[PDB]
Amino acid sequence: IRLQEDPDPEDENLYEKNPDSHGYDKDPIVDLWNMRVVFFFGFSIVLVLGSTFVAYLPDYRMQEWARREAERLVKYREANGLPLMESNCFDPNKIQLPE
Amino acid sequence: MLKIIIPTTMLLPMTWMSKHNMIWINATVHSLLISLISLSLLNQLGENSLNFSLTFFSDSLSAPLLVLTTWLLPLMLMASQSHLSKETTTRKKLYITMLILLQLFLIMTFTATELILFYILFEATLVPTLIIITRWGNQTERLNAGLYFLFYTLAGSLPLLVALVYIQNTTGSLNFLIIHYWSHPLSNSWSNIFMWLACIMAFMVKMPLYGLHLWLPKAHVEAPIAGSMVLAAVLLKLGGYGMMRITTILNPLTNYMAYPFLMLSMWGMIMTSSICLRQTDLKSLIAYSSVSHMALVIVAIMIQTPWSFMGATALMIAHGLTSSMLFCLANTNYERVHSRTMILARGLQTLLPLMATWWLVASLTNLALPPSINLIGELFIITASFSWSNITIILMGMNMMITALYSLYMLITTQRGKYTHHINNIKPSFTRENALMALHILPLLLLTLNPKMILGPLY
Amino acid sequence: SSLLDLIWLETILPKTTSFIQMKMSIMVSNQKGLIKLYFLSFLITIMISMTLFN
Amino acid sequence: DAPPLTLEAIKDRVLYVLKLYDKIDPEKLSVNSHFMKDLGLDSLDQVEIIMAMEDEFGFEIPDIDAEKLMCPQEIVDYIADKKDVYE
Amino acid sequence: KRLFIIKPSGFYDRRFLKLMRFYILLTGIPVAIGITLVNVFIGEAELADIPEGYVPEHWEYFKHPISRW
Amino acid sequence: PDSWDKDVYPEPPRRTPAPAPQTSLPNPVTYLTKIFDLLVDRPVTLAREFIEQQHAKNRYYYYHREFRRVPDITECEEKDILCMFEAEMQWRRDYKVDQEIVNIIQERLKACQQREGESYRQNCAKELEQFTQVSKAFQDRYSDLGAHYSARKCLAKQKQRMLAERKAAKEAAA
Amino acid sequence: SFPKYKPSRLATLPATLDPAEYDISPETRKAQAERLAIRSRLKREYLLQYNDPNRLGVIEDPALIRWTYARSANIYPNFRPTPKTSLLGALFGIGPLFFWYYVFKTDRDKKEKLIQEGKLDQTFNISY
Amino acid sequence: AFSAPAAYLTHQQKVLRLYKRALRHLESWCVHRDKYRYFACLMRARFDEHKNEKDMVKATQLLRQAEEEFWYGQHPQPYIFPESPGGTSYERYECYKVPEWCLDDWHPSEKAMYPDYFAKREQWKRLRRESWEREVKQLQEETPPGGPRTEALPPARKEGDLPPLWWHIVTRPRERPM
Amino acid sequence: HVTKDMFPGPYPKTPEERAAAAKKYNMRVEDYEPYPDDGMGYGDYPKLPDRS
Ligand SMILES: CCCCCCCCCCCCCCCCCC(=O)OC[C@H](COP(=O)([O-])OCC(O)COP(=O)([O-])OC[C@@H](COC(=O)CCCCCCCCCCCCCCCCC)OC(=O)CCCCCCCCCCCCCCCCC)OC(=O)CCCCCCCCCCCCCCCCC
Ligand SMILES: CCCCCCCCCCCCCCCCCC(=O)OC[C@H](COP(=O)([O-])OCC[N+](C)(C)C)OC(=O)CCCCCCCCCCCCCCCCC
Ligand SMILES: CCCCCCCCCCCCCCCCC[C@@H](O)O[C@H](CO[C@H](O)CCCCCCCCCCCCCCC)COP(=O)(O)OCC[N+](C)(C)C
Ligand SMILES: CCCCCCCC/C=C\CCCCCCCC(=O)O[C@H](COC(=O)CCCCCCC/C=C/CCCCCCCC)COP(=O)(O)OCCN
Ligand SMILES: CCCCCCCC/C=C\CCCCCCCC(=O)O[C@H](COC(=O)CCCCCCC/C=C/CCCCCCCC)COP(=O)(O)OCCN
Ligand SMILES: *P(=O)(O)OCC(C)(C)[C@H](O)C(=O)NCCC(=O)NCCSC(=O)CCCCCCCCCCCCC
């Protein structure tokens, strides 16, 4: 041997001292409460509440607004015989091309 | 963003002031609360971004990445408390401090509105990661892995700093909004070619590009479980976020300069999948799978179409979740048998049934199974590549076949067959490990239910 | 796995760069600490600076 | 599903097959008789006997093991051990 | 003659699944009941023309009661 | 139903032939329709009547947001950031509305195909030409702008189209 | 007589058809005995550790350790640039890249030429 | 399976293995019992014809030619018993085989559901622990100094001992465990 | 518990090294055979028969 070194310790099993262990801590009470807070907060609060919050987020992306605007535009343009999609994005009168 | 930034900097003193047995409980609970608060960032706009102040802003690209970071912190705490039982209180608190610092840097990285502040934070993420790897890794090779990771990233990113300060001198600003509104075409010249190279090479190294990827297996295999989880799920996505952001000022030169990187990405996607087929180590298999998926994301960014960016965002989020879960599963197996070899532990389905179910679900998401967001992103990238050219479909189909092959090979090897006879210490799965897998996998399926939340700004 | 990842991609960038840096480090630091030698070096430097810099 | 095997049933079936063998005299055949020491058969006869037992019980006896079964009692013990029969 | 079937421990997997079900249904069931009560009694808004001289709010631009809240 | 606009989403009048039975055998479809109306339709209609009664007691309204027009990128001066921002936002909103118009025309096309059934190739010629025109205009406007599209890029594309058309007209008139 | 069997790498030669199986030397018998002795020694070691009532964990396999080490960590130290290695590396690492570059470059050049000449069917191609 | 193999197969062992394999493949060709009986008797006639042969060189050459003939004329799809290595029911019940060490990780409530079984199991565990030293001592006394020359194991020579290295053989999972 | 002397090493060039490699890999000296030293990184790992 080249050193005064400790032997490699045996692996510690959490189920030996505490058969009904959750794997969080050596102390039974701390282990139980760690399980409880993780399950409650994570699953209940974050999963359920965040999923329902995201489901009912207000329509700030303007999908339904854009659909209603498109319906108004289509109704007006087909009533008057105009093309449904304008051929140009901008006004050629406003655009000044080089000679 | 301060309502999310300050609670992290308050996680720090709370961690250092809590009792010796309440550190894990406090850190986990308040990380979950901060994740819930960060869920409010998903209410984005259709026209522009959320310009909170002069320093921070949020977008449809930043918000899912922030949510993923904040959600990943408590999972890392759970895995860490698994493997750090015998540590001293001071060193446990130092580990939690490194994790909290990494999360704070990542938050400010995704929300930084200037390219220079973004650079400072995205380079600041290196120190906690390097400390975590080279200090709390198990094997001898953690030191060499840390050296490889650090020097690859810095060699990539220093020319980026030079290019950024040059662009600030040239145009007067590095603000993302201003450089978006005042962008000009990049003429075909050698100077412009090397500017393009500086920026893109920084982020390609961070991605990684095939051929610049060896640091990834080295670091991901040799890091502790929390280090592996954050390296794959979030730190690989700094490259994608940066490449998406910085390509505003690189057109039309990106049309001509993307050929070498597209060729490298497609062929290396094939090559890394084939490597995965013949890997004797489980962690290396997961790392090379990460490389293949990031190659697909690089292809998406380089072809640079509205359909490719949405696929890139979806694939980045999905890969983060899936790879983190796979690393956690492999780590549970390792904590049983203290070896990373894939054929050592077999019959784990007949020894641990619920973990076999978790393995099945993670491997079903790893390969693109519809309607998962993994498949959604992969399919959008494939469609954009098909519009780019019609042989990209050949390469993409080959990659999908090989991905299914190696994913199911990993599942069958570890879980099926007959158990190793002499491994007589496979204790039943802990509630902590089961809850970790559930918390990884349920958000993925919910994201399948609502997919517009992770499709990026181009949606 | 072997020929490209473990062998040639490793040889091109990181192995060759590390070898070059190690060789140059050995060359720079391999000095006997002789004032005669590095003062002769100073003389050469002074002559070069006087002549080739204008 | 199928009725479990018993030691008596296995013994009855092996002796039944052996009494249906023509080269064995059914009158002097017992459960302890040796195929070659006191029945006068040879190695090929023993091979055929083992194959007949394989067809009788519907499973295979590997050649490494079958070469040693020189007694109906030895065959019974082998088959009971392989089928997990203890009664 | 019944024989003992040697099996791994299912207690821990059963306990985890039971706890997971309890804690999802601890908040999920009240949320489902509340969503049903809101939907049945406080219906969705109906589209209307903006009265002249009246300036609405953003929640008044949204439709579902929960989204407006 | 007054839920949607019949002009925006047209449907032809539904011609349902009257039954003309020629057998004494009872119609199982008719018997089962009667059973379905007794067991399912009546309970669901009662439930909806109760819910709609509860809704009418809590009546409240939501409005459609109105955006006024602002000067566009053609009128905005060079590197005038505020006018550029307003014009860019307006162009983005118009892009969204155009996308939804194309979606409406596609819905018309799909519904007509399914409705006509075995004679769709002839009976849906009106919807096919309308979709062709709308899609061609939409493509010419927003075809190849890229991931980082903007009002400036679309203006450059339109200026290029106008130059090409002017050149072609000059060559034709030559 | 009967047609002969030609072994391949993926359909090997049966032991019963191997000519060396019917030409046995007295040194062949002692080689077989030595191999069996090695196997018996290894089996005894493994079985003792396996049936130990006090053993808990994994019986470490040095052969498995050596295999995994030789497959990954011992490759570069034992790699030398030879003509064969250099040519195989250059081929397998450069040829595919330039082949695919040529294929995609040619395809996209044809596509853009058709686009410019205005004879490519681009109708209904809205999503890109 | 149950028996330790030797360093080599003798000529007689090779001949008998060829005889059994040839009869099995002949039965696979001759599906019907009467046809199989006829051709099996002819096959045994050939073996008995060459049964008495003093020249071992000629005997080995005969065996080699017989092996070549068998390989040429073997059935491409020979009959395999369901539980045999090539069979359809091979290794079907391996996923149902669980070890007794897996049994002892049970929760106390689970173990309380089987009070009588676990008392006998504790008796077996005590019996295993009380004999290990005698087993290892007997193994190390009877081995040659060079080491084990074969895989065979000795019995228990005393009235209170157990055959060394017996636990996993005795307590192996049942063939139809679940 | 594997020592540094029980790992794969470089290609053996002397009969003493071939004997040491054979003993390390639990093989007879007569049966031990490395891969050819073509610089592919095989080292002194044995070349076993290519069967399954
Ligand atoms: C505020 C919380 C922290 C936030 C940090 C943010 C950044 C701040 C930087 C400066 C911080 C101040 C200086 C602290 C020095 C501490 C030294 C020490 O002894 O620490 C242990 C000490 C307790 O242990 P001890 O009893 O002294 O026993 C020590 C023995 O060594 C025990 O024996 P042992 O053997 O078990 O211990 C060995 C251990 C002992 O080693 C140590 O303790 C050394 C700790 C690190 C050295 C200091 C570095 C300073 C430079 C800046 C970077 C710091 C980042 C990490 C900060 C760690 C803070 C502890 O060494 C190791 O294990 C070696 C590990 C090697 C790797 C890790 C070390 C380096 C980490 C830093 C590098 C990464 C930086 C990334 C870049 C970004 C930077 C922001 O911890 C403390 O006292 C905690 C300090 C904070 C207390 C709370 C303060 C706030 C109170 C409430 C405020 C409320 C405000 C109002 C709110 C509104 C409502 C009212
Ligand atoms: C025990 C189980 C059942 C109950 C569960 C707990 C409550 C469930 C949700 C509320 C139920 C109904 C309450 C109505 C209150 C308003 C009455 C009214 O006239 O409103 C008119 C208004 C009309 O909409 P408005 O936008 O025009 O309102 C104008 C502004 N005020 C409100 C001032 C008039 O409707 C609402 O306010 C709708 C509110 C919907 C519910 C909001 C989210 C829930 C808030 C509580 C926290 C989360 C609880 C989730 C469930 C439990 C989780 C653990
Ligand atoms: C025993 C079990 C058997 C298997 C059963 C499960 C398998 C069946 C799955 C199929 C059934 C699905 C049920 C669908 C019910 C309808 C609800 C769903 O459709 O709503 C979704 C809502 O989306 C979901 O909320 C998804 C939320 C995504 C998760 C949010 C994050 C949760 C926090 C965790 C953080 C993780 C971060 C990861 C990176 C972001 C989709 O949006 P939408 O239907 O139109 O909303 C309706 C409300 N409206 C009308 C007002 C609009
Ligand atoms: C629909 C949502 C409503 C949910 C409301 C939830 C509010 C909190 C309820 C759950 C708290 C759990 C504990 C509740 C009371 C404690 C019960 C008790 O006495 O047990 C304690 C429990 O102690 C704990 O485990 C500590 C956890 C309780 C404190 C942590 C919760 C504080 C969270 C504050 C939430 C506010 C955040 C809002 C701002 C958002 C910030 C981003 C003793 O256990 P130990 O200390 O571990 O035993 C060892 C002693 N020898
Ligand atoms: C259809 C698939 C083709 C694949 C791509 C096409 C490339 C050509 C095919 C391979 C040619 C060489 C590529 C690299 C292969 C290296 C050769 C090699 O491995 O052996 C070298 C020999 O190489 C050399 O040292 C000398 C360099 C050149 C010799 C080999 C290249 C000669 C190729 C012939 C050119 C083509 C001939 C044209 C014929 C008509 C074709 C239309 C070492 O020899 P050994 O020690 O015996 O190791 C082998 C162990 N069994
Ligand atoms: P018991 O211990 O009495 O066994 C006696 C033996 C045979 C061991 C003798 O003592 C002995 O060694 N005799 C001399 C060696 C000898 O028998 N050589 C000849 C053996 S092979 C032989 O000649 C028979 C071959 C003919 C059959 C060939 C089979 C090929 C047909 C296969 C067809 C498969 C599908 C139909």
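Reading the values: rules and limits
- Residues numbered from 1 in each chain as written, not as in the entry; some residues may be left out.
- Chains lettered and ligands numbered in written order.
- Part of a larger assembly, values for the part shown.
- Heavy atoms only, no water.
- Near = heavy atom within 4 Å.
- Polar contact = N/O pair within 3.5 Å; in protein donor to acceptor, adjacent residues only side chain to side chain.
- Areas by Shrake-Rupley, 256 points an atom, 1.4 Å probe, with all protein chains shown as cover.
- Contact = heavy atoms within 4.5 Å.
- Buried area = accessible area lost by both parts, 1.4 Å probe.
- Salt bridge = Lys/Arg side-chain N within 4 Å of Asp/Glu carboxyl O.
- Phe/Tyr/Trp six-rings, centres within 6.5 Å; stacked < 30°, edge-to-face > 60°.
- Buried < 20%, exposed > 50% of the residue type's maximum accessible area, 1.4 Å probe, protein only.
- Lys NZ or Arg CZ within 6 Å of the ring centre and 35° of its normal.
- Helix = DSSP H or I, 4+ residues; strand = E, 2+ residues; numbered from the N terminus.
- Nonpolar A, V, L, I, M, F, W, Y, C, P; charged D, E, K, R; others polar.
- Patch = residues over 30% accessible without salt bridge, like charges linked within 9 Å, V, L, I, M, F, W, Y side chains within 5 Å.
- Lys, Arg positive; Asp, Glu negative; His and termini not counted.
- Charge placed at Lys NZ, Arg CZ, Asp CG, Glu CD.

Looking at the method and resolution fields of the entry, one finds cryo-EM and 2.88 Å.

Caption draft 1: Fine view of the site of ligand 2. Taken together, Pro30, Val31, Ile33, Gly34, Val38, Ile42, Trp59, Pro65, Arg68 and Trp69 of chain E together with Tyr60 of chain F make up all the residues around ligand 2. Those residues lying near ligand 2 are distributed over chains E and F. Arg68 of chain E is positioned with one of its side-chain polar atoms (N or O) 3.2 Å from an oxygen atom of ligand 2. Taking 1100 Å² as the accessible area of ligand 2 by itself, protein coverage stands at 43%.

Caption draft 2: Layout of the interface of chain F and chain A. If you look at the interface, chain F gives 41 residues, while chain A gives 31 residues. Between chain F and chain A, a total of about 3200 Å² is buried, with carbon and sulfur atoms accounting for 61% of that surface. Taken together, the connections running from chain F to chain A amount to seven salt bridges. Between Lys75 of chain A and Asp7 of chain F there is a salt bridge; the shortest N-O distance is 2.8 Å.

Caption draft 3: Spotlight on the packing of aromatic side chains. The final tally for this structure, using the stated rule, is 63 aromatic pairs over all chains. Seen in terms of ring centroids, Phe22 of chain E and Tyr23 of chain E are 5.1 Å apart; in terms of plane orientation they differ by 85°. Their pairing is edge-to-face. Residue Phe22 of chain E is classed as partly exposed on the basis of its relative accessible area, which comes to 46%. Clustering of aromatic rings is evident, with ring pairs tying together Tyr259, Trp267 and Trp388 of chain B together with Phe99, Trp100, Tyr101 and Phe104 of chain G. In this structure, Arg29 of chain G is placed above the aromatic ring of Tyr8 of chain H, and the distance from its NZ or CZ to the ring centre is 4.0 Å.

Caption draft 4: Representation of the pattern of salt bridges in the model. Applying the stated criterion across every chain, the model contains 64 salt bridges over all chains. Between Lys13 of chain I and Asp37 of chain I there is a salt bridge; the shortest N-O distance is 3.3 Å. Of the two residues, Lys13 of chain I sits in the segment before α1 (15-24) while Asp37 of chain I sits in the segment after α1, which places them 24 residues apart along the sequence. A relative accessible area of 33% places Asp37 of chain I in the partly exposed class. Through salt bridges with shared partners, one network takes in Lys23, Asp42, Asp45 and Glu48 of chain D together with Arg44 and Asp48 of chain H.

Caption draft 5: Representation of the site of ligand 4. Every residue close to ligand 4 is listed here: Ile29, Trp33, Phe40 and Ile45 of chain A together with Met22, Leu33 and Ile37 of chain B. Close to ligand 4, residues of chains A and B are found. Listed by contribution, the elements that provide at least two residues to the shell around ligand 4 are α2 (28-55) of chain A together with α2 (23-38) of chain B. Take the shell around ligand 4: its biggest share by element is four residues, from α2 of chain A. Classifying every residue of the shell around ligand 4 gives seven nonpolar, no polar and no charged.

Caption draft 6: The arrangement of a negative patch on the surface in detail. Among the surface-exposed residues, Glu10, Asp11, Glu12 and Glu16 of chain A lie close enough to one another that they form a single negatively charged patch. Note that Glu16 of chain A resides in helix α1 (residues 14-17).

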